[PDB]
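Engineer: Here you go, this is work.cif (mmCIF, C-alpha atoms and all ligand atoms).
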data_start
#
loop_
_atom_site.group_PDB
_atom_site.id
_atom_site.type_symbol
_atom_site.label_atom_id
_atom_site.label_comp_id
_atom_site.auth_asym_id
_atom_site.auth_seq_id
_atom_site.Cartn_x
_atom_site.Cartn_y
_atom_site.Cartn_z
ATOM 1 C CA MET A 1 27.842 3.192 4.939
ATOM 2 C CA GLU A 2 31.307 4.006 3.616
ATOM 3 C CA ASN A 3 31.773 0.227 3.672
ATOM 4 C CA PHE A 4 29.272 -0.115 0.840
ATOM 5 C CA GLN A 5 29.321 0.663 -2.859
ATOM 6 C CA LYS A 6 25.786 1.217 -4.146
ATOM 7 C CA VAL A 7 25.395 -0.784 -7.359
ATOM 8 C CA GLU A 8 21.889 0.356 -8.274
ATOM 9 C CA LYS A 9 18.462 1.260 -6.930
ATOM 10 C CA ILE A 10 16.243 -1.819 -7.041
ATOM 11 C CA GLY A 11 13.063 -0.419 -5.561
ATOM 12 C CA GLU A 12 11.147 1.599 -3.011
ATOM 13 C CA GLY A 13 10.018 -0.020 0.208
ATOM 14 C CA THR A 14 7.285 1.306 2.466
ATOM 15 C CA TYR A 15 9.833 2.998 4.705
ATOM 16 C CA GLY A 16 12.728 3.840 2.416
ATOM 17 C CA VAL A 17 14.635 3.234 -0.797
ATOM 18 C CA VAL A 18 16.378 -0.080 -1.416
ATOM 19 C CA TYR A 19 19.688 -0.373 -3.238
ATOM 20 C CA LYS A 20 21.697 -3.280 -4.528
ATOM 21 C CA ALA A 21 25.141 -2.705 -3.007
ATOM 22 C CA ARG A 22 28.570 -4.305 -2.596
ATOM 23 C CA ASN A 23 30.597 -4.521 0.596
ATOM 24 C CA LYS A 24 33.841 -2.734 -0.302
ATOM 25 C CA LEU A 25 35.779 -5.025 2.013
ATOM 26 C CA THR A 26 34.249 -8.455 1.396
ATOM 27 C CA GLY A 27 32.759 -7.806 -2.027
ATOM 28 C CA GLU A 28 29.552 -9.268 -0.602
ATOM 29 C CA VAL A 29 26.480 -8.247 -2.601
ATOM 30 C CA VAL A 30 23.613 -7.120 -0.382
ATOM 31 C CA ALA A 31 20.349 -5.191 -0.418
ATOM 32 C CA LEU A 32 20.618 -1.914 1.458
ATOM 33 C CA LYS A 33 17.433 -0.268 2.754
ATOM 34 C CA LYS A 34 17.800 3.358 3.787
ATOM 35 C CA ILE A 35 15.118 4.700 6.114
ATOM 36 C CA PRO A 45 13.535 6.134 18.005
ATOM 37 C CA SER A 46 15.186 3.573 20.299
ATOM 38 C CA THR A 47 12.154 1.327 20.727
ATOM 39 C CA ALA A 48 12.272 0.699 16.979
ATOM 40 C CA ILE A 49 16.019 0.086 17.145
ATOM 41 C CA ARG A 50 15.525 -2.470 19.913
ATOM 42 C CA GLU A 51 12.759 -4.287 18.026
ATOM 43 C CA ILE A 52 14.831 -4.476 14.844
ATOM 44 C CA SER A 53 17.897 -5.678 16.744
ATOM 45 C CA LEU A 54 15.897 -8.577 18.173
ATOM 46 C CA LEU A 55 14.873 -9.541 14.638
ATOM 47 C CA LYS A 56 18.531 -10.032 13.704
ATOM 48 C CA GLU A 57 18.590 -13.337 15.619
ATOM 49 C CA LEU A 58 15.364 -14.705 14.132
ATOM 50 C CA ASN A 59 16.935 -16.519 11.197
ATOM 51 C CA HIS A 60 15.200 -18.977 8.873
ATOM 52 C CA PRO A 61 15.890 -20.062 5.276
ATOM 53 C CA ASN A 62 12.555 -18.643 4.083
ATOM 54 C CA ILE A 63 13.121 -15.345 5.870
ATOM 55 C CA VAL A 64 15.286 -12.746 4.125
ATOM 56 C CA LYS A 65 18.343 -12.548 6.363
ATOM 57 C CA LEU A 66 18.914 -9.286 8.216
ATOM 58 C CA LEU A 67 22.711 -9.030 8.074
ATOM 59 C CA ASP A 68 23.194 -5.729 9.892
ATOM 60 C CA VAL A 69 21.630 -2.579 11.287
ATOM 61 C CA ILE A 70 23.476 0.728 10.953
ATOM 62 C CA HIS A 71 22.255 3.900 12.659
ATOM 63 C CA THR A 72 23.841 7.286 12.026
ATOM 64 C CA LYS A 75 19.409 7.751 9.288
ATOM 65 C CA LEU A 76 18.753 4.027 9.671
ATOM 66 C CA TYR A 77 20.253 1.502 7.257
ATOM 67 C CA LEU A 78 19.265 -2.154 7.112
ATOM 68 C CA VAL A 79 21.620 -4.534 5.337
ATOM 69 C CA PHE A 80 19.751 -7.527 3.915
ATOM 70 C CA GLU A 81 20.538 -10.715 2.043
ATOM 71 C CA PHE A 82 20.110 -10.003 -1.683
ATOM 72 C CA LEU A 83 17.843 -11.898 -4.066
ATOM 73 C CA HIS A 84 17.377 -10.990 -7.709
ATOM 74 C CA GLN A 85 13.612 -11.080 -8.210
ATOM 75 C CA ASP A 86 10.328 -10.437 -6.413
ATOM 76 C CA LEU A 87 7.169 -12.522 -6.783
ATOM 77 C CA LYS A 88 5.000 -9.709 -8.124
ATOM 78 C CA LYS A 89 7.196 -9.349 -11.195
ATOM 79 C CA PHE A 90 7.320 -13.130 -11.596
ATOM 80 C CA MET A 91 3.515 -13.371 -11.397
ATOM 81 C CA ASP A 92 3.175 -10.697 -14.083
ATOM 82 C CA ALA A 93 5.791 -12.429 -16.237
ATOM 83 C CA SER A 94 3.825 -15.656 -15.772
ATOM 84 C CA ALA A 95 0.378 -14.151 -16.312
ATOM 85 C CA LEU A 96 -0.204 -15.612 -19.779
ATOM 86 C CA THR A 97 0.724 -19.203 -18.973
ATOM 87 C CA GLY A 98 0.229 -19.192 -15.215
ATOM 88 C CA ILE A 99 2.712 -20.460 -12.637
ATOM 89 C CA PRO A 100 2.693 -24.278 -12.734
ATOM 90 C CA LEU A 101 0.761 -25.775 -9.818
ATOM 91 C CA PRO A 102 3.821 -27.629 -8.471
ATOM 92 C CA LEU A 103 5.729 -24.339 -8.145
ATOM 93 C CA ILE A 104 2.712 -22.565 -6.655
ATOM 94 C CA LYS A 105 2.471 -25.450 -4.186
ATOM 95 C CA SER A 106 6.195 -25.284 -3.414
ATOM 96 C CA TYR A 107 6.108 -21.518 -2.868
ATOM 97 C CA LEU A 108 3.075 -21.712 -0.550
ATOM 98 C CA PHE A 109 4.723 -24.542 1.369
ATOM 99 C CA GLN A 110 7.916 -22.539 1.901
ATOM 100 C CA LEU A 111 6.043 -19.362 2.823
ATOM 101 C CA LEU A 112 4.090 -21.281 5.455
ATOM 102 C CA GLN A 113 7.355 -22.581 6.912
ATOM 103 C CA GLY A 114 8.560 -19.000 7.157
ATOM 104 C CA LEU A 115 5.327 -17.891 8.821
ATOM 105 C CA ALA A 116 5.356 -20.897 11.142
ATOM 106 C CA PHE A 117 8.856 -19.986 12.349
ATOM 107 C CA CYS A 118 8.254 -16.286 12.962
ATOM 108 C CA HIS A 119 4.842 -16.916 14.504
ATOM 109 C CA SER A 120 6.377 -19.452 16.918
ATOM 110 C CA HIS A 121 8.383 -16.440 18.082
ATOM 111 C CA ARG A 122 5.234 -14.323 18.232
ATOM 112 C CA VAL A 123 6.364 -11.994 15.456
ATOM 113 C CA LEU A 124 3.797 -10.876 12.884
ATOM 114 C CA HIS A 125 4.648 -9.656 9.422
ATOM 115 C CA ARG A 126 1.420 -7.631 9.016
ATOM 116 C CA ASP A 127 1.976 -6.545 5.406
ATOM 117 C CA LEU A 128 2.422 -9.723 3.364
ATOM 118 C CA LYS A 129 2.110 -9.072 -0.370
ATOM 119 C CA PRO A 130 3.736 -10.321 -3.594
ATOM 120 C CA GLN A 131 6.052 -7.312 -3.642
ATOM 121 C CA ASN A 132 7.902 -8.405 -0.505
ATOM 122 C CA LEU A 133 8.286 -12.043 -1.429
ATOM 123 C CA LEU A 134 11.608 -12.706 -3.157
ATOM 124 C CA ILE A 135 12.685 -15.688 -5.256
ATOM 125 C CA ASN A 136 15.903 -17.120 -6.680
ATOM 126 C CA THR A 137 16.894 -19.460 -9.519
ATOM 127 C CA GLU A 138 17.062 -22.404 -7.106
ATOM 128 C CA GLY A 139 13.337 -22.462 -6.377
ATOM 129 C CA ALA A 140 13.454 -20.836 -2.942
ATOM 130 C CA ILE A 141 11.054 -18.075 -1.918
ATOM 131 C CA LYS A 142 11.576 -15.772 1.065
ATOM 132 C CA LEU A 143 9.640 -13.144 3.018
ATOM 133 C CA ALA A 144 11.113 -9.639 3.207
ATOM 134 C CA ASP A 145 10.297 -6.870 5.707
ATOM 135 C CA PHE A 146 9.175 -9.327 8.364
ATOM 136 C CA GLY A 147 8.654 -7.585 11.696
ATOM 137 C CA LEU A 148 9.205 -4.031 10.462
ATOM 138 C CA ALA A 149 5.505 -3.175 10.741
ATOM 139 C CA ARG A 150 5.702 -3.495 14.520
ATOM 140 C CA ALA A 151 8.846 -1.365 14.491
ATOM 141 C CA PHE A 152 7.496 1.501 12.370
ATOM 142 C CA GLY A 153 3.776 0.892 11.916
ATOM 143 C CA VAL A 154 1.932 0.486 8.609
ATOM 144 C CA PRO A 155 1.392 3.904 6.946
ATOM 145 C CA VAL A 156 -1.409 4.862 4.563
ATOM 146 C CA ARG A 157 1.250 6.067 2.104
ATOM 147 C CA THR A 158 4.872 5.022 1.547
ATOM 148 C CA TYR A 159 7.761 7.465 1.933
ATOM 149 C CA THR A 160 7.149 8.252 -1.754
ATOM 150 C CA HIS A 161 3.451 8.899 -1.055
ATOM 151 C CA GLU A 162 2.485 5.770 -2.985
ATOM 152 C CA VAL A 163 -0.699 4.143 -1.693
ATOM 153 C CA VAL A 164 -0.027 1.123 0.499
ATOM 154 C CA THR A 165 -2.120 -1.695 -0.973
ATOM 155 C CA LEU A 166 -5.108 -2.989 1.006
ATOM 156 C CA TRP A 167 -5.610 -6.085 -1.127
ATOM 157 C CA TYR A 168 -4.126 -8.549 1.347
ATOM 158 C CA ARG A 169 -5.319 -6.963 4.601
ATOM 159 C CA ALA A 170 -7.221 -9.253 6.987
ATOM 160 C CA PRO A 171 -10.827 -8.278 7.849
ATOM 161 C CA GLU A 172 -10.185 -7.903 11.581
ATOM 162 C CA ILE A 173 -7.684 -5.144 10.788
ATOM 163 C CA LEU A 174 -10.201 -3.441 8.477
ATOM 164 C CA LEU A 175 -12.879 -3.746 11.180
ATOM 165 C CA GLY A 176 -10.833 -1.854 13.744
ATOM 166 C CA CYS A 177 -9.229 -4.444 16.024
ATOM 167 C CA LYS A 178 -6.237 -3.107 17.927
ATOM 168 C CA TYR A 179 -4.813 -6.452 19.051
ATOM 169 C CA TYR A 180 -4.895 -8.775 16.041
ATOM 170 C CA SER A 181 -2.888 -11.977 15.751
ATOM 171 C CA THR A 182 -0.557 -14.064 13.599
ATOM 172 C CA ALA A 183 -3.791 -15.000 11.822
ATOM 173 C CA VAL A 184 -3.571 -11.778 9.821
ATOM 174 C CA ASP A 185 -0.534 -13.184 7.968
ATOM 175 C CA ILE A 186 -2.367 -16.402 7.074
ATOM 176 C CA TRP A 187 -5.156 -14.318 5.541
ATOM 177 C CA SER A 188 -2.659 -12.361 3.448
ATOM 178 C CA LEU A 189 -0.980 -15.557 2.279
ATOM 179 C CA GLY A 190 -4.325 -17.063 1.299
ATOM 180 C CA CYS A 191 -5.054 -14.023 -0.851
ATOM 181 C CA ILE A 192 -1.656 -14.458 -2.500
ATOM 182 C CA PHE A 193 -2.302 -18.194 -2.983
ATOM 183 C CA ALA A 194 -5.578 -17.440 -4.781
ATOM 184 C CA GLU A 195 -3.822 -14.813 -6.908
ATOM 185 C CA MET A 196 -1.075 -17.179 -8.140
ATOM 186 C CA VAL A 197 -3.740 -19.709 -9.085
ATOM 187 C CA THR A 198 -6.139 -17.415 -10.950
ATOM 188 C CA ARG A 199 -3.551 -14.856 -12.127
ATOM 189 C CA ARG A 200 -5.706 -12.072 -10.740
ATOM 190 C CA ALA A 201 -5.898 -10.299 -7.368
ATOM 191 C CA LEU A 202 -8.588 -11.906 -5.226
ATOM 192 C CA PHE A 203 -9.751 -8.740 -3.411
ATOM 193 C CA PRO A 204 -8.359 -5.638 -5.195
ATOM 194 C CA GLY A 205 -9.914 -2.988 -2.948
ATOM 195 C CA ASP A 206 -9.210 0.672 -3.618
ATOM 196 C CA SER A 207 -10.276 1.913 -0.186
ATOM 197 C CA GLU A 208 -10.866 0.349 3.207
ATOM 198 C CA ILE A 209 -14.617 0.059 2.694
ATOM 199 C CA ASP A 210 -14.254 -1.203 -0.889
ATOM 200 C CA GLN A 211 -11.745 -3.746 0.410
ATOM 201 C CA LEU A 212 -14.188 -4.906 3.096
ATOM 202 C CA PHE A 213 -17.097 -5.111 0.670
ATOM 203 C CA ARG A 214 -15.104 -7.061 -1.913
ATOM 204 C CA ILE A 215 -14.308 -9.556 0.830
ATOM 205 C CA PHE A 216 -17.978 -9.569 1.867
ATOM 206 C CA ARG A 217 -19.262 -10.052 -1.688
ATOM 207 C CA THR A 218 -17.163 -13.211 -2.095
ATOM 208 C CA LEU A 219 -17.106 -14.789 1.366
ATOM 209 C CA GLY A 220 -20.439 -13.491 2.624
ATOM 210 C CA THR A 221 -21.156 -10.601 4.971
ATOM 211 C CA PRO A 222 -19.976 -11.942 8.343
ATOM 212 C CA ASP A 223 -22.474 -12.276 11.177
ATOM 213 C CA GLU A 224 -22.497 -13.653 14.712
ATOM 214 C CA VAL A 225 -22.937 -17.172 13.309
ATOM 215 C CA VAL A 226 -19.703 -17.266 11.316
ATOM 216 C CA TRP A 227 -17.730 -14.782 13.438
ATOM 217 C CA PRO A 228 -18.715 -14.435 17.119
ATOM 218 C CA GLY A 229 -18.118 -10.895 18.333
ATOM 219 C CA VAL A 230 -17.901 -9.385 14.857
ATOM 220 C CA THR A 231 -20.890 -7.037 15.178
ATOM 221 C CA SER A 232 -19.236 -5.504 18.243
ATOM 222 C CA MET A 233 -15.982 -4.531 16.555
ATOM 223 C CA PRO A 234 -15.080 -0.823 16.373
ATOM 224 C CA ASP A 235 -15.735 -0.211 12.679
ATOM 225 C CA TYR A 236 -18.515 -2.724 12.130
ATOM 226 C CA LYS A 237 -21.746 -1.101 10.958
ATOM 227 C CA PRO A 238 -25.167 -2.809 11.105
ATOM 228 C CA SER A 239 -25.806 -0.948 7.837
ATOM 229 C CA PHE A 240 -23.257 -3.156 6.055
ATOM 230 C CA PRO A 241 -25.027 -4.721 3.061
ATOM 231 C CA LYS A 242 -25.655 -8.434 3.590
ATOM 232 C CA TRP A 243 -24.105 -10.411 0.725
ATOM 233 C CA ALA A 244 -24.401 -14.190 0.408
ATOM 234 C CA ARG A 245 -21.294 -16.385 0.353
ATOM 235 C CA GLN A 246 -20.079 -17.711 -3.015
ATOM 236 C CA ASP A 247 -18.667 -21.167 -3.815
ATOM 237 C CA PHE A 248 -14.883 -21.522 -3.868
ATOM 238 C CA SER A 249 -15.447 -23.494 -7.048
ATOM 239 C CA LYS A 250 -16.302 -20.081 -8.512
ATOM 240 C CA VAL A 251 -13.496 -18.253 -6.702
ATOM 241 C CA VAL A 252 -10.350 -20.167 -7.667
ATOM 242 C CA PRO A 253 -11.090 -22.448 -10.630
ATOM 243 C CA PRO A 254 -9.639 -24.801 -11.573
ATOM 244 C CA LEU A 255 -7.877 -25.439 -8.246
ATOM 245 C CA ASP A 256 -8.453 -28.979 -6.952
ATOM 246 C CA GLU A 257 -10.438 -29.740 -3.782
ATOM 247 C CA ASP A 258 -7.327 -30.141 -1.604
ATOM 248 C CA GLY A 259 -6.258 -26.655 -2.644
ATOM 249 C CA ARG A 260 -9.756 -25.197 -2.260
ATOM 250 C CA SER A 261 -10.058 -26.812 1.172
ATOM 251 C CA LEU A 262 -6.791 -25.257 2.340
ATOM 252 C CA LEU A 263 -7.651 -21.833 0.886
ATOM 253 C CA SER A 264 -11.086 -21.771 2.551
ATOM 254 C CA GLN A 265 -9.374 -22.480 5.866
ATOM 255 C CA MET A 266 -6.836 -19.709 5.323
ATOM 256 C CA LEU A 267 -9.711 -17.293 4.656
ATOM 257 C CA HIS A 268 -11.879 -18.133 7.662
ATOM 258 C CA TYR A 269 -13.449 -14.945 9.066
ATOM 259 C CA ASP A 270 -12.872 -15.824 12.721
ATOM 260 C CA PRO A 271 -9.130 -15.261 13.380
ATOM 261 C CA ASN A 272 -9.231 -17.786 16.210
ATOM 262 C CA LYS A 273 -10.572 -20.438 13.815
ATOM 263 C CA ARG A 274 -8.440 -19.468 10.797
ATOM 264 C CA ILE A 275 -5.919 -22.262 10.123
ATOM 265 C CA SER A 276 -2.420 -21.765 11.567
ATOM 266 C CA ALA A 277 0.790 -21.899 9.514
ATOM 267 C CA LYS A 278 1.874 -25.039 11.348
ATOM 268 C CA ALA A 279 -1.473 -26.771 10.797
ATOM 269 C CA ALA A 280 -1.518 -25.703 7.149
ATOM 270 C CA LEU A 281 1.840 -27.382 6.534
ATOM 271 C CA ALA A 282 0.178 -30.687 7.444
ATOM 272 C CA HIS A 283 -2.736 -30.193 5.034
ATOM 273 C CA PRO A 284 -3.128 -32.979 2.428
ATOM 274 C CA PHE A 285 -2.649 -30.391 -0.351
ATOM 275 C CA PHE A 286 1.077 -30.660 0.374
ATOM 276 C CA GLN A 287 1.186 -34.472 0.199
ATOM 277 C CA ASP A 288 2.829 -34.355 -3.240
ATOM 278 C CA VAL A 289 4.794 -31.161 -2.685
ATOM 279 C CA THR A 290 8.102 -30.903 -4.531
ATOM 280 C CA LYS A 291 10.644 -28.170 -5.201
ATOM 281 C CA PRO A 292 10.636 -27.189 -8.905
ATOM 282 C CA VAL A 293 12.876 -24.373 -10.107
ATOM 283 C CA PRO A 294 11.288 -21.359 -11.839
HETATM 284 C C1 LIG A 301 15.513 -6.986 1.050
HETATM 285 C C2 LIG A 301 15.876 -7.385 -0.326
HETATM 286 N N1 LIG A 301 16.878 -8.271 -0.600
HETATM 287 N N2 LIG A 301 17.055 -8.508 -1.910
HETATM 288 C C3 LIG A 301 16.129 -7.747 -2.506
HETATM 289 N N3 LIG A 301 15.977 -7.708 -3.848
HETATM 290 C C4 LIG A 301 14.982 -7.136 -4.672
HETATM 291 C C5 LIG A 301 15.069 -7.493 -6.077
HETATM 292 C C6 LIG A 301 14.153 -7.005 -7.051
HETATM 293 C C7 LIG A 301 13.111 -6.136 -6.636
HETATM 294 N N4 LIG A 301 12.135 -5.586 -7.618
HETATM 295 O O1 LIG A 301 11.240 -4.835 -7.193
HETATM 296 O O2 LIG A 301 12.273 -5.884 -8.819
HETATM 297 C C8 LIG A 301 13.001 -5.775 -5.263
HETATM 298 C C9 LIG A 301 13.921 -6.256 -4.244
HETATM 299 C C10 LIG A 301 13.701 -5.792 -2.776
HETATM 300 C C11 LIG A 301 12.587 -4.789 -2.472
HETATM 301 C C12 LIG A 301 12.738 -3.422 -2.907
HETATM 302 C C13 LIG A 301 11.706 -2.481 -2.637
HETATM 303 C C14 LIG A 301 10.534 -2.883 -1.940
HETATM 304 C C15 LIG A 301 10.380 -4.227 -1.504
HETATM 305 C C16 LIG A 301 11.402 -5.186 -1.765
HETATM 306 CL CL1 LIG A 301 11.159 -6.803 -1.203
HETATM 307 N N5 LIG A 301 14.315 -6.124 -1.665
HETATM 308 C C17 LIG A 301 15.374 -7.032 -1.557
#
Once you've parsed the file, please lay out its structure as structure tokens.
Ligand SMILES: Cc1nnc2nc3ccc([N+](=O)[O-])cc3c(-c3ccccc3Cl)nc1-2
Structural biologist:
Amino acid sequence: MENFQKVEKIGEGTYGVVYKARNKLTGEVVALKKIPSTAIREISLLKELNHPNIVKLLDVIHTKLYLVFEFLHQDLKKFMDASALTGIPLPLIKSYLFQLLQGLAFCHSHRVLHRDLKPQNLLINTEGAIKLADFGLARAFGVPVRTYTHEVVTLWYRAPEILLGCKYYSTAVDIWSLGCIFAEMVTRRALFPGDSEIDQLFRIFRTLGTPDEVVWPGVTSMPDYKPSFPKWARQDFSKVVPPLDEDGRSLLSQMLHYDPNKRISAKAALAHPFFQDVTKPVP
């Protein structure tokens, strides 16, 4: 840590504070996150899983646990807010989704889940790239109810199988989260802004329909499923994400499939016709 000069605090992660910092030797500017050997082993393995749309883990220092990350200047949440009045142009939305799916496809091919995808851990630069931060840390530390600052961890992007009590969920949970984020960029409003687990579930239910054995085999048997769940009817995506075109609505509906086994994969999504005219605009 004596190798680093903290430049400024740039935020608070789930697990610890994040600083902008400079390497005193190399002058390299990095992001420094300050936070059990099983966790150390898991994180170490993540150091080799490099991809251009994954925020690079440069180093792990343990003496307290410090993670040294590639630095980017802005997060997507701030950009979405800054864009709220005009909306992010479709071509940039399309480019960001395309890149995020490439990041998911890579990590998932290695059987690593993110588990807590949200706008606040997607980072962007002036060159039009977008990258996922905190990938893999959920398996290392778990996903708390509150952050280290007691802030409520958002439920808005949490897949329904997690909410319904499944212990062994899949890479599909990340596709769900990304679909929620996709819808949010398009409409400029959170798709399912739940303020508790049950409110989160019911918001999902009110839009996509209360799931049954027809749409989701095995659902009524899950740990936290209750037969007393109100039965809401499914709404049209035309009503959910106007004015997204039918290619976009088709892809989104597949990313939000209830059955995790049927939910579209990152690799399959990259081949969806929605990305036929994908380009790489700069923000
Ligand atoms: C890793 C990593 N590398 N560069 C980073 N740059 C940032 C620039 C702006 C903002 N911000 O909030 O304005 C946050 C970050 C974060 C970050 C901080 C707290 C919680 C989560 C995240 Cl992702 N992390 C970065």
Engineer: Which residues come within 8 Å of residue 104 of chain A, counting only C-alpha atoms, excluding same-chain residues fewer than 5 positions away, as a short mmCIF file (atom, residue, chain, number, x, y, z; two decimals) with C-alpha atoms, in the frame of the given file?
Structural biologist:
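Generated output (selection_7.cif):
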data_model
loop_
_atom_site.label_atom_id
_atom_site.label_comp_id
_atom_site.auth_asym_id
_atom_site.auth_seq_id
_atom_site.Cartn_x
_atom_site.Cartn_y
_atom_site.Cartn_z
CA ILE A 99 2.71 -20.46 -12.64
CA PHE A 193 -2.30 -18.19 -2.98
CA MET A 196 -1.08 -17.18 -8.14
CA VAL A 197 -3.74 -19.71 -9.09
#
Engineer: What residues of the protein or nucleic acid chains come within 8 Å of ligand LIG 301 (chain A) when you use all atoms listed in the file? Reply as a JSON list (two decimals) with C-alpha atoms, in the frame of the given file.
Structural biologist:
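This is the output file out.json:
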[["chain", "number", "residue", "atom", "x", "y", "z"],
["A", 10, "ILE", "CA", 16.24, -1.82, -7.04],
["A", 11, "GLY", "CA", 13.06, -0.42, -5.56],
["A", 12, "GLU", "CA", 11.15, 1.60, -3.01],
["A", 13, "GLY", "CA", 10.02, -0.02, 0.21],
["A", 14, "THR", "CA", 7.28, 1.31, 2.47],
["A", 17, "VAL", "CA", 14.64, 3.23, -0.80],
["A", 18, "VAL", "CA", 16.38, -0.08, -1.42],
["A", 19, "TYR", "CA", 19.69, -0.37, -3.24],
["A", 20, "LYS", "CA", 21.70, -3.28, -4.53],
["A", 30, "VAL", "CA", 23.61, -7.12, -0.38],
["A", 31, "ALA", "CA", 20.35, -5.19, -0.42],
["A", 32, "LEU", "CA", 20.62, -1.91, 1.46],
["A", 33, "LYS", "CA", 17.43, -0.27, 2.75],
["A", 64, "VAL", "CA", 15.29, -12.75, 4.12],
["A", 79, "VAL", "CA", 21.62, -4.53, 5.34],
["A", 80, "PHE", "CA", 19.75, -7.53, 3.92],
["A", 81, "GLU", "CA", 20.54, -10.72, 2.04],
["A", 82, "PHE", "CA", 20.11, -10.00, -1.68],
["A", 83, "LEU", "CA", 17.84, -11.90, -4.07],
["A", 84, "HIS", "CA", 17.38, -10.99, -7.71],
["A", 85, "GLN", "CA", 13.61, -11.08, -8.21],
["A", 86, "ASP", "CA", 10.33, -10.44, -6.41],
["A", 88, "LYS", "CA", 5.00, -9.71, -8.12],
["A", 89, "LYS", "CA", 7.20, -9.35, -11.20],
["A", 131, "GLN", "CA", 6.05, -7.31, -3.64],
["A", 132, "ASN", "CA", 7.90, -8.40, -0.50],
["A", 133, "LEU", "CA", 8.29, -12.04, -1.43],
["A", 134, "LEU", "CA", 11.61, -12.71, -3.16],
["A", 143, "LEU", "CA", 9.64, -13.14, 3.02],
["A", 144, "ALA", "CA", 11.11, -9.64, 3.21],
["A", 145, "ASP", "CA", 10.30, -6.87, 5.71]]
Engineer: Can you translate the PyMOL selection byres (((chain A and resi 222) around 10) and not hetatm) into the concrete residues it hits in this file, as a PDB file with C-alpha atoms, in the frame of the given file?
Structural biologist:
ATOM      1  CA  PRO A 171     -10.827  -8.278   7.849  1.00  0.00           C
ATOM      2  CA  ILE A 215     -14.308  -9.556   0.830  1.00  0.00           C
ATOM      3  CA  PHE A 216     -17.978  -9.569   1.867  1.00  0.00           C
ATOM      4  CA  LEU A 219     -17.106 -14.789   1.366  1.00  0.00           C
ATOM      5  CA  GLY A 220     -20.439 -13.491   2.624  1.00  0.00           C
ATOM      6  CA  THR A 221     -21.156 -10.601   4.971  1.00  0.00           C
ATOM      7  CA  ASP A 223     -22.474 -12.276  11.177  1.00  0.00           C
ATOM      8  CA  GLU A 224     -22.497 -13.653  14.712  1.00  0.00           C
ATOM      9  CA  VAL A 225     -22.937 -17.172  13.309  1.00  0.00           C
ATOM     10  CA  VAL A 226     -19.703 -17.266  11.316  1.00  0.00           C
ATOM     11  CA  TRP A 227     -17.730 -14.782  13.438  1.00  0.00           C
ATOM     12  CA  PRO A 228     -18.715 -14.435  17.119  1.00  0.00           C
ATOM     13  CA  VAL A 230     -17.901  -9.385  14.857  1.00  0.00           C
ATOM     14  CA  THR A 231     -20.890  -7.037  15.178  1.00  0.00           C
ATOM     15  CA  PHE A 240     -23.257  -3.156   6.055  1.00  0.00           C
ATOM     16  CA  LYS A 242     -25.655  -8.434   3.590  1.00  0.00           C
ATOM     17  CA  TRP A 243     -24.105 -10.411   0.725  1.00  0.00           C
ATOM     18  CA  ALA A 244     -24.401 -14.190   0.408  1.00  0.00           C
ATOM     19  CA  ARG A 245     -21.294 -16.385   0.353  1.00  0.00           C
ATOM     20  CA  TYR A 269     -13.449 -14.945   9.066  1.00  0.00           C
ATOM     21  CA  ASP A 270     -12.872 -15.824  12.721  1.00  0.00           C
TER      22      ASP A 270
END
Engineer: Which residues are close to residue 26 of chain A, i.e. within 12 Å by all atoms listed in the file, leaving aside same-chain residues fewer than 3 positions away? Reply as a list in words.
Structural biologist: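 Once the nearby chain positions are removed, what remains is residues 3, 4, 5, 21, 22, 23, 29 and 30 of chain A.
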Engineer: One decimal, Å: what's the distance from atom CA of residue 77 of chain A over to atom CA of residue 152 of chain A, could you say?
Structural biologist: 13.7 Å
Engineer: Can you find the residues with an atom no farther than 12 Å from (4.8, -17.8, 11.7), counting all atoms listed in the file, and report them as an NGL selection string?
Structural biologist: :A and (58 or 60 or 62-63 or 110-126 or 128 or 143 or 146-147 or 181-186 or 189 or 275-281)
Engineer: Between A:105, A:6, A:200, A:178, single out the one closest to residue 285 of chain A, counting only C-alpha atoms.
Structural biologist: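 For residue 285 of chain A, the nearest of the candidates is A:105.
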Engineer: To one decimal in Å, tell me the separation between atom CA of residue 292 of chain A and atom CA of residue 139 of chain A.
Structural biologist: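 Pair atom CA of residue 292 of chain A / atom CA of residue 139 of chain A returns 6.0 Å.
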Engineer: Between atom CA of residue 129 of chain A and atom CA of residue 1 of chain A, what is the distance, to one decimal in Å?
Structural biologist: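 It comes out at 29.0 Å.
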Engineer: Let me make sure I understand: among A:138, A:51, A:162, A:256, which one has the smallest atom-to-atom distance to residue 101 of chain A if we use only C-alpha atoms?
Structural biologist: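 Of A:138, A:51, A:162, A:256, the one nearest residue 101 of chain A, counting only C-alpha atoms, is A:256.
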Engineer: For a quick check of understanding, using all atoms listed in the file, which of A:233, A:148, A:282, A:166 has the smallest distance to residue 202 of chain A?
Structural biologist: A:166
Engineer: Which is closest to residue 69 of chain A among A:203, A:34, A:96, A:173, if we use only C-alpha atoms?
Structural biologist: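 Smallest separation from residue 69 of chain A among the options: A:34.
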Engineer: For a quick check of understanding, using all atoms listed in the file, which of A:107, A:251, A:188, A:237 has the smallest distance to residue 217 of chain A?
Structural biologist: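 Distance minimum relative to residue 217 of chain A lands on A:251.
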